[PDB]
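This document opens with one chain alone, in structure tokens, the form deposited in one PDB entry.
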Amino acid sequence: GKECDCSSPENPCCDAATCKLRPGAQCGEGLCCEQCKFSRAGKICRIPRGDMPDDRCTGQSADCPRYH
């Protein structure tokens, strides 16, 4: 449609026609969006490199902020 819950038409969470969530789901895409759902707080959303801290799900967003 004219509004998407996903970025991709290939996204399983979305139907291609609607571009929008079929399932009993929360989200389609996002670093903290797992199983088309909002991942739990503290779960690693991003792998660090070098001296950086690992970024963690808030459990209050489909996208990851920073570290929480």
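Residue indices: 1-based, along the sequence shown.
The form deposited with a partner chain bound exists for this protein as well; it is not shown, and the discussion that follows is about that form.
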(request) May I ask you to state whether residue 16 is within 4.5 Å of its partner chain in the entry with it bound, using heavy atom distances? (result) no
(request) Could you confirm whether residue 10 comes within 4.5 Å of its partner chain in the entry with it bound, counting heavy atoms only? (result) no
(request) Verify the contact flag for residue 53: yes if a non-hydrogen atom of it lies within 4.5 Å of a non-hydrogen atom of its partner chain in the entry with it bound, no if not. (result) yes
